[PDB]
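Take a look at this single chain, the form deposited in one PDB entry, given in structure tokens.
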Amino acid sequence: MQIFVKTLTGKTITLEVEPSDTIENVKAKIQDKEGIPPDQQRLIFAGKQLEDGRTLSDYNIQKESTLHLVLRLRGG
């Protein structure tokens, strides 16, 4: 199923995922598409940050839902 990920620059990332995919899996797919390392990725849905070990179905994320990508780690 197709979901959308909105970024700082207005460019939307379009992903093909399964409801059982974990947030960590989603971050891996974003790395493949965009080059962004998963450690720098923060995923926002329903106002809250999603944790890497839970699945999209856990957060009620369905077809054509939109996630928000906030880019920052770099924690020296």
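Here the rigid core means the biggest group of C-alpha atoms that line up within 1.5 Å when the two forms are laid on top of each other. Just count from 1 along the sequence shown to find any residue number.
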> Superpose by the rigid core: which stretch, 8-16 or 63-71, shows more Cα shift in 5 other deposited structures of this protein?
Replying inline: 8-16
>> Quick check on the deposited entry: does the C-alpha B-factor of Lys48 sit in the lowest, middle or highest third of its chain?
In response: lowest
>> Considering every modelled residue of the chain and its Cα B-factor in the PDB entry, is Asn25 in the lowest, middle or highest third?
In response: middle
> Split the chain's modelled residues into thirds by Cα B-factor; is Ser65 in the lowest, middle or highest one?
Replying inline: lowest
